[PDB]
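Structural overview
Residue-level listing of the chains:
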There are 2 protein chains.
Amino acid sequence: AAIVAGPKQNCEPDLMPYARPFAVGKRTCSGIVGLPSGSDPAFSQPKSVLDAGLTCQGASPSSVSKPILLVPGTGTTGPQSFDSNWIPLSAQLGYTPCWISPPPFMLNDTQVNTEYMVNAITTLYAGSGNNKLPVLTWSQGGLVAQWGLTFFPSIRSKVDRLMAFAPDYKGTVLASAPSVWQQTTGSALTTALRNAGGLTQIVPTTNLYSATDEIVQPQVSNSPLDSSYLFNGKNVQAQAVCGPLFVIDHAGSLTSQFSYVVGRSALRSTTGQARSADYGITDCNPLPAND
Amino acid sequence: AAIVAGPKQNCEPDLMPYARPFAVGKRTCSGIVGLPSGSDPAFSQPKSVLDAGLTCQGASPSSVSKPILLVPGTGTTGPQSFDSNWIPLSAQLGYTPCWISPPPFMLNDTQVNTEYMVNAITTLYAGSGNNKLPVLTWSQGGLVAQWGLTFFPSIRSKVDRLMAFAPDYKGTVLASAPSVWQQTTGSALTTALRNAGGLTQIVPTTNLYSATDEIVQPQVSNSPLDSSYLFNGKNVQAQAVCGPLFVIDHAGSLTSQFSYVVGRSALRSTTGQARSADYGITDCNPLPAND
Ligand SMILES: CC(=O)N[C@@H]1[C@@H](O)[C@H](O)[C@@H](CO)O[C@@H]1O
Ligand SMILES: CC(=O)N[C@@H]1[C@@H](O)[C@H](O)[C@@H](CO)O[C@@H]1O
Ligand SMILES: CC(=O)N[C@@H]1[C@@H](O)[C@H](O)[C@@H](CO)O[C@H]1O
Ligand SMILES: CC(=O)N[C@@H]1[C@@H](O)[C@H](O)[C@@H](CO)O[C@H]1O
Ligand SMILES: *[PH](O)(CCCCCC)OC
Ligand SMILES: *[PH](O)(CCCCCC)OC
């Protein structure tokens with residue numbers, strides 16, 4: 001009942017177990033609050049159904065050398081998204097291209113689409129001799145990758161890096177199919193990802209995007225406000241490097257020569273993220289890389 | 001492997017159980033996602049210790065008529081915060097004033113301070129014949145009330161309304177004691193409250209605050225950006241009603257005549273929130289109400 005201004009610390013008190021899951025990324029006395037690490041949520045789909053959506057080029061996912069998992073965009077299959085680009089480009093870099101094609105064309109529940117990716121990572125990790133593998137994505141594919149890493153603890157140590165092209169982590173304001181509702185800015189899904197701490201990278205991540213993206217917006221600030229931005233990630237907005245006259249659209253973000261140089265840098269980097277020293281003004285080419 | 005633009009719904013798919021707690025307040029096919037309703041988190045303090053912090057004027061908390069629970073601000077006890085104002089003002093309105101004085105002067109862990117309030121509500125609810133009671137707060141007291149309502153399901157049906165004066169739900173940028181760290185904008189605690197859905201009212205709530213608050217900021221926009229704002233709540237920024245020349249500081253937000261008229265309105269309202277029809281320009285008096 002007397003003087004008490006005393007209580008003085010040099011750190012914020014740790015959050016109680018019941019609130020800890022809601023402050024991932026923040027620092028308290030014990031350190032940075034990490035993501036919950038319990039058991040994986042159960043799949044709503046039979047494993048045999050999830051396996052039907054996974055394919056590797058020239059090999060079985062159960063026995064594959066240096067696999068790379070490609071996750072497609074909304075309204076497409078793995079081949080439709082990557083046949084003209086990262087399937088042959090990654091093969092040229094020494095990887096065995098693998099991809100998932102969640103039915104129907106990624107239009108269904110993003111949470112279900114994520115099951116295909118989680119199962120695929122589990123499969124390819126073991127299939128490659130229990131070795132981490134890179135994941136490369138386009139559009140919703142990135143949202144799926146981060147959703148998986150946020151809610152399925154088992155794959156966090158199985159993914160070595162994430163190279164996401166035009167990812168819509170905050171959804172888009174330019175937005176119906178189930179996944180379209182979920183990718184609309186302000187959706188319950190994008191809100192959940194943010195509130196669970198999903199806007200901070202979980203594995204070494206590189207996000208390549210464009211201010212002139214005609215599908216995903218806002219992307220114009222080259223800051224945390226952009227939909228493709230992840231805290232601690234290597235966030236590369238094309239125009240920040242190439243200037244305001246460099247125009248690549250949503251698909252160009254995945255297929256341009258600039259995108260290839262950045263992606264290649266991320267894939268070979270020992271840090272798991274693309275390095276500024278690997279690209280410059282001369283790589284600011286909007287033409288297709290596989291061309 | 002053919003046409004599929006088909007999948008078309010009129011609502012966003014429901015979130016899976018594992019993600020539902022992170023999207024409270026959002027609407028999916030089944031409706032608005034509500035707060036989790038499991039068992040109450042366990043107390044870190046012995047109940048006898050929590051009981052020592054609860055007092056009612058002229059009665060025992062275990063047998064009291066029409067109680068009102070007053071929750072004090074940082075660096076004060078219940079009497080220091082309310083002796084000159086809401087203790088006698090509420091008694092005049094027909095209530096039995098009760099309050100908690102979490103030691104030491106609300107400077108300790110806000111999560112612990114909340115235990116005192118949860119225990120107090122449980123006690124007063126039963127003590128008044130299993131009847132809901134109003135909670136009136138000042139500064140951190142409001143943060144404590146909302147933290148309790150967000151994480152302790154049992155009291156949601158025991159609190160009839162919340163009248164918060166200058167509540168710092170987003171903390172303050174003008175910010176050490178444990179609770180001071182926690183009330184600093186960007187803290188793990190304020191982040192957790194927001195991420196768990198605590199910035200939307202849980203019970204009928206009225207938030208009275210001032211743009212000229214010298215302790216809690218920002219409060220100048222009369223919008224969701226203000227620290228005292230709660231979605232669906234009756235948010236009353238003094239200057240929006242009284243104009244830019246109306247100046248009441250942090251304590252004035254609790255004790256002014258304007259504050260009394262709004263508080264009285266909230267306490268007697270059948271909606272549980274203050275009503276615009278009960279106050280106007282003539283009530284824009286900065287002088288103390290108990291005067
Ligand atoms: C896997 C697939 O393409 N078909 C499903 C269908 O079975 C399900 O009823 C519907 C809503 O859940 O979502 C998709 O249309
Ligand atoms: C109840 C009280 O006023 N004293 C506690 C003290 O026992 C505790 O060690 C410290 C840190 O938890 O917080 C306060 O100072
Ligand atoms: C919402 C906001 O403030 N973001 C702005 C954006 O609107 C603007 O186009 C951009 C210019 O590059 O600068 C950002 O700070
Ligand atoms: C951060 C922000 O944009 N909030 C501004 C605030 O700075 C300004 O003082 C107020 C004027 O009342 O208008 C709000 O919209
Ligand atoms: P991406 O998956 C982002 C799609 C958002 C749907 C709303 C238009 O594109 C291939
Ligand atoms: P309130 O509890 C808000 C206090 C914030 C502490 C940082 C200065 O005031 C009585």
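As a numbering rule, every chain is indexed from 1 in the order its sequence is written, which need not reproduce the entry's residue numbers; residues that lack coordinates are not presented. As a convention, the first chain written is A and the first ligand written is 1, with the rest following in written order. Working from all heavy atoms in the structure, the side-chain values ignore hydrogens and water. Residues with missing side-chain atoms are left out of burial classes, side-chain pairs and their counts.

Section: the UniProt feature "active site" in chain A
Residues and elements named next belong to chain A. UniProt positions are given in the numbering used here, feature names are shortened, and annotations may be inferred rather than shown by experiment. On the UniProt side, "active site" is annotated at positions that read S139, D213 and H250 here. Each residue is assigned to one of three classes by its accessible area relative to the maximum for its type, calculated with a 1.4 Å probe on protein chains only: buried under 20%, partly exposed between the two thresholds, exposed over 50%. With a relative accessible area of 3%, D213 lands in the buried category. In contact with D213, other than residues within four places in its own chain, are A166, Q219, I248 and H250. Per the convention used, a helix needs a DSSP run of H or I reaching at least four residues, while a strand needs a run of E reaching at least two, with both numbered from the N terminus. The topology assignment puts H250 in the loop between α8 (238–242) and α9 (252–255). The contact definition used throughout considers only heavy atoms, calling two residues in contact when any of these lie within 4.5 Å. Setting aside chain neighbours within four positions, we find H250 in contact with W138, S139, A166, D213, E214, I215 and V216.

Looking at the relation of the copies chain B and chain A
There are two copies of the chain, and a rotation about an axis plus a shift along that axis relates them. Least-squares superposition on the C-alpha atoms is how the copies are aligned. Of the transformation superimposing chain B on chain A, the axial component is 0.0 Å and the angular component is 180°, with the fit at an RMSD of 0.0 Å. On this basis, the relationship between the two copies can be described by a two-fold rotation axis. It is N195(B) whose C-alpha, among those of chain B, lies nearest the rotation axis, at 2.3 Å. Taken together, the interface assignments show that 100% of the residues at the interface of chain B recur at the interface of chain A, consistent with an identical surface on both copies.

Digging into the interface of chain B and chain A
With 47 residues of chain B in contact, the opposing surface of chain A contributes 47 residues. Elements with a contribution of two residues or more to the side of chain B that touches chain A: α4 (110–127), α5 (140–151), α6 (178–182) and α7 (188–195) of chain B. Examining the composition of the side of chain B that touches chain A, we find that five residues originate from one element, α7(B), more than from any other. Three residue categories are used. Nonpolar comprises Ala, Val, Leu, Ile, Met, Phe, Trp, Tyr, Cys and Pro, charged comprises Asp, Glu, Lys and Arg, and polar comprises the others, including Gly. For the side of chain B that touches chain A, the residue count by class is 29 nonpolar, 12 polar and six charged.

Comments concerning the site of ligand 3
Residue and element names in this part refer to chain A. Summary of the distance rule: residues count as near a molecule or strand when at least one heavy atom falls within 4 Å of that molecule or strand. Taken together, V220, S221 and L225 form the complete shell of residues around ligand 3. Think of a polar contact as two N or O atoms within 3.5 Å of one another; within protein, one of them needs to be a possible hydrogen donor and the other a possible acceptor, and neighboring residues in sequence only count if both atoms come from side chains. The separation between an oxygen atom of ligand 3 and a polar main-chain atom of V220 is 3.1 Å. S221 places a polar side-chain atom, nitrogen or oxygen, 3.2 Å from a nitrogen atom of ligand 3. Here, Shrake-Rupley sampling with a 1.4 Å probe gives the accessible areas, and only protein chains in the shown set may cover a residue. Contact with the protein chains covers 29% of the free accessible surface of ligand 3, which is 380 Å².

Points about the packing of aromatic side chains
Centre distance within 6.5 Å is the pairing criterion for rings of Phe, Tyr and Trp, where only the six-membered ring of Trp is used; planes under 30 degrees apart are then read as stacked, over 60 as edge-to-face, and the remainder as tilted. A complete count under the given rule lists 23 aromatic pairs over all chains for this structure. Centre to centre, the rings of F22(A) and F151(B) are 6.0 Å apart; their planes meet at 55°, and the pair counts as tilted. Note that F22(A) is positioned in the segment before β1 (27–28) and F151(B) in helix α5, a pairing that runs across two chains. Using a relative accessible area of 8% as the deciding quantity, one classes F22(A) as buried. We classify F151(B) as buried; its relative accessible area is 9%. Where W86(B) meets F165(B), the ring centres are 5.4 Å apart and the plane angle is 25°; that geometry is what we call stacked. Separated by 79 residues along the polypeptide, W86(B) in helix α3 (residues 86–92) and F165(B) in strand β7 (residues 159–165) bring together distant segments of the chain.

Looking at the UniProt feature "disulfide bond" in chain A
Residues and elements named next belong to chain A. Formation of the UniProt disulfide linking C56 with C98 is confirmed by an inter-sulfur distance of 2.0 Å, under the 2.5 Å limit. One end of the pair, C56, is in strand β3 (residues 54–56); the other, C98, is in strand β5 (residues 96–100), with 42 residues separating them in the sequence. Relative accessible area serves as the criterion here: at 0%, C98 is assigned to the buried category. Look at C11 and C29: UniProt pairs them in a disulfide, and at 2.0 Å between sulfurs the bond is present in this structure. Taken together, the residues span a long stretch of sequence, with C11 in the segment before β1 and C29 in the loop between β1 and β2 (31–32) at a distance of 18 residues. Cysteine sulfur atoms are paired as a disulfide whenever they fall within 2.5 Å.

Quick look at the site of ligand 5
All names here are of chain A. Around ligand 5, the neighbouring residues are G73, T74, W138, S139, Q140, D168, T172, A175, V180, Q183, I215 and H250. In the model, an oxygen atom of ligand 5 is placed 3.2 Å from a nitrogen or oxygen of the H250 side chain. Taking 360 Å² as the accessible area of ligand 5 by itself, protein coverage stands at 85%. Along the lines of polarity and charge, the residues of the shell around ligand 5 split into four nonpolar, seven polar and one charged.

Section: the nonpolar core
Here is a general trend for soluble globular proteins: nonpolar side chains tend to be buried in one another's company. Ranked by internal contacts, the top residues of the largest apolar core, which has 90 residues, are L69(A), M117(A), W147(A), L69(B), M117(B) and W147(B). Among residues more than four places away in sequence, those in contact with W147(A) are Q111(A), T114(A), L189(A), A192(A), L193(A), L15(B), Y18(B) and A19(B). For our purposes a nonpolar core is just a set of buried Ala, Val, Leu, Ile, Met, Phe, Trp, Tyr and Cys residues, chained together by side-chain atoms within 4.5 Å.

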